[PDB]
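For reference, the chain that follows is the form deposited in one PDB entry, supplied as structure tokens.
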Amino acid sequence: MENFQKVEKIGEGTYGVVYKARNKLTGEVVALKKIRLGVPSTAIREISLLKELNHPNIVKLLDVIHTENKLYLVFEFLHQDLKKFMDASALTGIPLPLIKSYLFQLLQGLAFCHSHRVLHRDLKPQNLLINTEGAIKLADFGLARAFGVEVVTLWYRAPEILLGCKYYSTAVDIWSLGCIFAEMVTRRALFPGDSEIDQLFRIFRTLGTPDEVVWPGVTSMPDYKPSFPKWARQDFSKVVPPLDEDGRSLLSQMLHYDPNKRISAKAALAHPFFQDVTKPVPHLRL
């Protein structure tokens, strides 16, 4: 902490406060995360694996500073988060070519992470960071599993997590990114639940209550109740106007109930929606 001069608080998360800060020696501007708490050995080792998980669409973890039994993560600083950008673009909407670019890049980032068996587990607009050059990057990648631990947003949570599955798969991240894709397009959160059951029931109201036909094994999950109401599925035509039919096909594959049926990041990259992908420049007010 002594090595940095705090500039301003930029986030408050489950695992600690994040500051924009400047390195006192070099003048580098960084994001400094003070991890909330000595540090268990296992957390140290998992975080140290994250230091080598480098990709253009993953926020670079510059240093892990484990001293005086405190843990600080030093990240490269990005200039804005997707939440703030979405809120800024709410009059006209993020142009589709930019949406498509951001989706494609995030899919590249996930394919890379997934290929190393690392999951995010908590994708949401506040953890997607953008720059002036057109890039978008996944932040706080791998921290949920490293640490294992003011209101938690449930809006992006996959249904298998809500239904009590103990072992997460890479599919949880595809589900979350699907939710975010929809939200960019419509300018409203797809499933804005305010409790676990409200989140589950908002999913069920839109995609239909899952059963053994669409999700074999669903009825044996830990928090599945035979008493859940049975709602009929809606058409994606009603869920995300004015997404074009390729966008809609791809979304539907990202939002399959059965995580085993849900598209992988790798497969998503070859989807016809990306045949005309480009990399536009956003208009950022900093």
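Residue numbers run from 1 along the displayed sequence. Definition used throughout: the rigid core is the maximal C-alpha set that superposes within 1.5 Å between two forms.
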Problem - Gap at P226 across at least one third of the other PDB entries - result: no
Handout entry: Other entries lacking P259, at least a third
Key = no
Exercise for the section: Mind giving me a quick count class for deposited residues absent from the model between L37 and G38? Options are none, 1 to 3, 4 to 9, 10 or more. Expected result: 4 to 9
Fill in the blank from the handout: In the entry, residues of the deposited sequence missing between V213 and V214 amount to none
Problem - Higher-B stretch (mean Cα B-factor, as the entry records it), 258 to 266 or 20 to 28 - result: 20 to 28
Problem - Given 90 to 98 and 130 to 138, the range whose Cα B-factors average higher in the PDB entry - result: 90 to 98
Exercise for the section: For the C-alpha B-factor as written in the entry, point me to the maximum among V218, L61, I47, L251. Expected result: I47
Fill in the blank from the handout: Split the chain's modelled residues into thirds by Cα B-factor; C113 lands in the lowest
Problem - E68 by Cα B-factor - lowest, middle or highest third of the modelled chain - result: highest
Handout entry: Chain third (lowest, middle, highest) by recorded CA B-factor, residue given as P192
Key = middle
Practice task
Going by the recorded CA B-factors, say which third of the chain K124 sits in, lowest, middle or highest.
Solution key: lowest
Fill in the blank from the handout: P159: CA temperature factor from the record, placed by chain third, in the lowest
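There is another form of this protein, the form deposited in another entry, and it is not shown here; the text below is about that form.
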Handout entry: Residue among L103, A158, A182, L73 with C-alpha shift of 2 Å or more between the shown form and the other one, core superposed
Key = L73
Handout entry: Rigid core superposed: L143 CA moves 2 Å or more between the shown form and the other one
Key = yes
Problem - Post core alignment: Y19 C-alpha displaced by 2 Å or more between the shown form and the other one - result: yes
Exercise for the section: Please check if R45 moves between the shown form and the other one, taking a CA shift of 2 Å or more relative to the superposed core as movement. Expected result: yes
Practice task
Have a look at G142 and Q253: in the other entry, are their Cα atoms closer together or farther apart than in this form, given the change is 3 Å or more?
Solution key: farther
Practice task
Explain in one word, closer or farther, how the Cα atoms of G142 and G109 are placed in the other entry relative to this form, where the distance changes by 3 Å or more.
Solution key: farther
